[PDB]
Student: 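This structure is in structure tokens; I'll ask about it shortly.
Residue numbers begin at 1 in each chain, while the letters A, B, ... track the order of the sequences. Each ligand, and each atom within it, is numbered from 1 in the order the structure gives. Just so you know, these numbers use all the heavy atoms, side chains as well, and skip hydrogens, waters and symmetry mates.
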Amino acid sequence: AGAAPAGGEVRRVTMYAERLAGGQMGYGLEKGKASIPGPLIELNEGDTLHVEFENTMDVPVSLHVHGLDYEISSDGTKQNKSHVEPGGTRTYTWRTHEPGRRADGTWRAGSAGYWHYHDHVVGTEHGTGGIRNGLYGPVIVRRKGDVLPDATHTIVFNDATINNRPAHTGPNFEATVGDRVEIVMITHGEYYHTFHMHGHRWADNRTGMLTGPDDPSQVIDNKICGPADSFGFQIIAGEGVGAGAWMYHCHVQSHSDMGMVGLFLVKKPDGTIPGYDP
Amino acid sequence: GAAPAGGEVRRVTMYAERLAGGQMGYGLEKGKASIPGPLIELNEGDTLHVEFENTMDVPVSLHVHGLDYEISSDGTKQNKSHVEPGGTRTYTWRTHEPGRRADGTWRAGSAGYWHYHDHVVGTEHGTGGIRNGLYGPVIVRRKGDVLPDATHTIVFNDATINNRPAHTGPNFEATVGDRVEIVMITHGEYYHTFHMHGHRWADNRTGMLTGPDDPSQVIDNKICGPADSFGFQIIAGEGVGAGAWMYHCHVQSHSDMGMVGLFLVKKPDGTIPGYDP
Amino acid sequence: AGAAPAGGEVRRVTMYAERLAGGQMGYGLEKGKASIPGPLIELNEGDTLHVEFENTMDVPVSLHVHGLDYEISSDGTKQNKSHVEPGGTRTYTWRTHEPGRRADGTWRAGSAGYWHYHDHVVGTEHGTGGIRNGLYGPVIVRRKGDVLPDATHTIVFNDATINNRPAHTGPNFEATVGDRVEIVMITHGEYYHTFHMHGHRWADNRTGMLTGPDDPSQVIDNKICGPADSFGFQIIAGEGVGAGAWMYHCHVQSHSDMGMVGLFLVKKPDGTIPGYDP
Ligand SMILES: [Cu+2]
Ligand SMILES: [Cu+2]
Ligand SMILES: [Cu+2]
Ligand SMILES: [Cu+2]
Ligand SMILES: [Cu+2]
Ligand SMILES: [Cu+2]
Ligand SMILES: [Cu+2]
Ligand SMILES: [Cu+2]
Ligand SMILES: [Cu+2]
Ligand SMILES: [Cu+2]
Ligand code: NA
């Protein structure tokens with residue numbers, strides 16, 4: 001696979017907050033193309049991102065990001081008046097940094113990780129309405145040399161839904177046996193959850209992959225998460241287990257019974273999935 | 001002692017059976033089902049063929065966490081890998097050692113504290129079967145892992161421990177200095193926090209720090225949710241001595257309602273100072 | 001910055017349990033000086049601490065500690081008769097130890113970490129009433145060479161309150177940009193929470209700081225916690241982000257909405273906070 005390069009680029013992108021059907025709200029990079037979850041933003045440590053933001057809605061909205069470097073003017077809260085008025089525009093700036101030794105000998109942690117952005121002002125001063133309506137999305141910051149995946153899928157447990165979809169409607173994600181598949185897992189709202197994936201497992205650390213034989217991180221296939229938690233991992237699709245419709249679901253029993261389930265559809269090279277009859 | 005390299009093909013018979021009071025359990029022999037079900041121990045590289053029989057009048061399945069299995073041993077109705085009433089099926093579990101892939105990455109091995117449970121009784125996620133007692137622990141050891149003097153399994157199933165009536169333990173006994181392994185599994189609807197008085201462990205794969213370079217937090221209290229599993233080994237009474245050492249869920253209403261038990265640590269002469277039930 | 005020395009001192013302190021206003025109860029080091037959270041106790045690995053304890057209330061109380069070494073006679077439970085009757089006195093003894101290789105060849109974990117003490121007998125035999133009333137406090141055990149902070153702040157999520165405070169009353173904590181600030185985070189009661197801090201992040205490990213480039217711990221700014229969980233970390237105030245009123249809060253949406261929120265007030269050297277009014 002590929003490997004992430006050293007960062008240091010200054011990038012710019014447009015983002016819009018838009019109303020969607022059914023009282024929903026989403027972010028998008030192009031006007032009229034908002035989505036829930038919002039678009040995946042990927043940066044290498046050291047990169048700067050200027051987000052030229054426009055609120056197309058009739059209510060104030062904001063952009064608050066986890067983990068990355070931002071000044072108080074990009075906090076995205078009413079507290080420091082860094083929200084965006086209806087119809088207004090604003091440049092949010094996110095920075096990231098590499099890890100390194102401070103002059104005093106301590107080690108500064110870098111920005112790399114699985115992160116997310118979301119609204120902080122719709123409905124309440126903590127964005128309860130905006131988050132419920134769909135204003136959230138994933139952010140990945142990569143360290144130089146991190147392994148790059150063939151595909152990235154984002155799964156958000158928001159209240160009792162996955163990605164604000166109606167119960168029992170996935171999402172499903174497709175891969176071929178051997179694909180290096182990255183999962184970004186974000187939780188929002190009111191409830192705790194446990195994320196479980198059949199047939200696969202990952203390391204409970206920054207990258208979801210063990211660094212080598214000396215990494216003592218627990219290897220897991222089930223993880224408890226609460227509102228605004230984010231983690232991610234990579235798996236080799238079907239590794240040691242073969243093709244199939246591999247369930248993922250919240251493992252809180254009533255949540256899985258009510259439709260917080262989806263399928264990791266791992267196909268053979270001929271594109272078929274043994275035993276899978278929809 | 002230490003765990004050997006795995007690679008054996010092992011076989012075991014397992015039965016799902018009704019127990020008293022609407023409960024259900026797994027067992028290795030007919031009539032000896034238990035809650036939790038039997039402890040299954042493997043070394044990385046071992047294969048296990050579970051020759052499974054459903055003795056009940058409703059369908060049941062066997063779904064395992066962590067281990068390698070093909071979709072035909074998923075243990076779900078969706079993949080048609082459940083067991084009809086009176087039926088039999090061989091579930092196959094495989095395990096593997098860690099190793100460097102061709103692309104240069106490190107493949108994580110199977111070693112860890114895992115568990116198996118039903119996936120079809122009551123609902124297509126086994127909500128009824130899990131509630132009824134259809135769960136059990138699996139340990140997969142890596143070559144060189146330290147072996148314990150005893151292993152005890154503690155399952156927080158909804159507001160119960162091991163499906164026992166409230167305020168009824170279970171209790172476990174050890175002597176000061178014993179190396180005691182705890183397997184901790186959670187099931188059902190609720191989050192919990194597992195706490196043990198007088199003892200502590202490392203929040204990592206084995207529950208023990210690998211040495212002075214391991215940065216894992218050392219804890220005596222751990223949040224867990226449905227289908228979480230973890231485990232650890234402690235030295236009974238290490239630095240604290242003999243006594244009736246409580247363990248309990250630390251969610252206050254849960255400990256109040258009876259999610260509590262005792263780790264009875266005896267001196268070599270058998271005495272437990274001040275213990276008076 | 002400073003570094004913790006090797007421990008091994010026999011230390012002594014008096015502690016009192018007292019009623020406070022409005023049905024609350026607290027621990028203090030001197031009579032009339034009980035606080036919620038109770039006083040911060042700091043030890044170096046190897047130190048022994050003798051707590052000369054006195055119950056000044058009209059109901060039995062106890063003192064139970066997490067993480068530290070104690071004999072069964074200092075368990076602090078009525079079950080073992082290590083509670084304190086009204087007006088009674090008792091000496092609770094806590095010990096700590098350095099890590100080291102056992103005779104059996106395995107590595108014995110040291111006492112170092114972020115811990116806490118609390119009541120175990122008020123209301124119920126698990127201290128539900130006493131904890132609810134305010135009988136809890138932080139304990140920090142440092143390892144030789146641990147980095148010492150400029151200030152330490154304790155944040156306890158107790159049911160749906162912070163430090164038993166009325167909703168929407170903080171607490172707030174002040175620092176200057178560049179300060180090395182230590183946060184002790186304890187959870188009590190009935191609910192799970194997720195602790196989030198704007199503008200800052202830490203490592204999910206013992207110290208909250210990565211040991212160096214080989215530490216694979218996830219770097220986070222959001223962490224799920226349940227009753228009797230404790231963790232801590234150090235941050236450099238405003239590092240890479242600047243001065244400002246930086247929010248911290250539980251991220252469970254109804255909890256933040258109903259006032260489990262405070263401010264990390266990071267000042268410029270002149271003492272001002274950009275974008276914030278008192
Ligand atoms: Cu916030
Ligand atoms: Cu859920
Ligand atoms: Cu599973
Ligand atoms: Cu947030
Ligand atoms: Cu499942
Ligand atoms: Cu519980
Ligand atoms: Cu499961
Ligand atoms: Cu207790
Ligand atoms: Cu909360
Ligand atoms: Cu406690
Ligand atoms: Na870890």
Side-chain angles (χ1 to χ4, degrees), chain A residues 194-201 220-223 244-253 255-257 260-264, chain B residues 61-67 69 71 73-79 81-82 114-120 123-127 129-130 134-138 155 157 185-188 193-198 200 219-222 225-229 246-252 254-255 260, chain C residues 62-68 70 75-77 115-121 124-128 130-131 135-139 156 158 186-189 226-230:
Chain A
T194 53
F195 173 84
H196 173 58
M197 181 178 286
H198 290 216
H200 301 77
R201 67 219 63 78
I220 60 173
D221 72 1
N222 204 90
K223 182 170 167 69
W246 296 102
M247 305 176 64
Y248 76 88
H249 56 91
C250 178
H251 215 299
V252 179
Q253 291 299 138
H255 295 187
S256 64
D257 292 331
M260 288 189 77
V261 308
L263 293 175
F264 183 40
Chain B
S61 75
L62 186 63
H63 174 69
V64 69
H65 285 241
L67 277 66
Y69 51 90
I71 202 65
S73 288
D74 196 27
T76 64
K77 193 158 292 189
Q78 291 85 325
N79 299 305
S81 57
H82 58 302
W114 303 107
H115 59 108
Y116 58 84
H117 59 86
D118 163 71
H119 215 290
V120 302
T123 76
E124 283 193 320
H125 289 88
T127 297
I130 292 164
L134 287 166
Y135 53 80
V138 189
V155 182
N157 188 25
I185 303 157
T186 298
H187 269 299
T193 50
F194 174 80
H195 177 47
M196 182 177 313
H197 291 214
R200 73 213 57 73
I219 59 169
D220 69 1
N221 205 91
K222 181 165 169 72
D228 276 349
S229 57
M246 311 177 64
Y247 74 90
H248 53 89
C249 177
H250 215 303
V251 177
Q252 291 299 135
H254 296 188
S255 63
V260 190
Chain C
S62 79
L63 185 67
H64 172 70
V65 70
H66 285 244
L68 280 65
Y70 53 90
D75 197 18
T77 71
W115 303 109
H116 61 107
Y117 57 88
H118 59 85
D119 167 65
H120 214 291
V121 306
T124 75
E125 290 190 333
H126 288 89
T128 300
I131 292 161
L135 292 167
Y136 53 78
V139 187
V156 184
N158 190 25
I186 302 163
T187 298
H188 270 299
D229 279 341
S230 56

Student: I would like to know whether B:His115 and B:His63 meet ring pair (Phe, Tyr, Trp, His ring centres under 6.0 Å); could you show each step before the answer?
Tutor: CA-CA 9 Å; B:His115 59 108; B:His63 174 69; 8.3 Å; no
Student: If only atom types and distance count, is the side chain of A:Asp221 paired as donor or acceptor with the main-chain N or O of B:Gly66 below 3.5 Å?
Tutor: yes
Student: How many N, O or S atoms of the protein are nearer than 2.8 Å to the Cu ion (ligand 10)?
Tutor: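 Total protein N/O/S atoms under 2.8 Å from the Cu ion (ligand 10): 3.
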Student: What about the rings of A:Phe264 and A:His200, do their centers lie closer together than 6.0 Å?
Tutor: yes
Student: Have C:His66 and B:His197 got a donor and an acceptor in their side chains that come within less than 3.5 Å?
Tutor: no
Student: Without hydrogens or angle criteria, can the side chains of B:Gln252 and B:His254 be said to hold a donor-acceptor pair below 3.5 Å?
Tutor: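 Side chains of B:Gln252 and B:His254: no pair found under 3.5 Å.
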Student: Quick one: do A:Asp257 and B:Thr127 satisfy side chain to side chain donor-acceptor pair (under 3.5 Å)? Show the steps, please.
Tutor: CA-CA 8 Å; A:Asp257 292 331; B:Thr127 297; 2.6 Å; yes
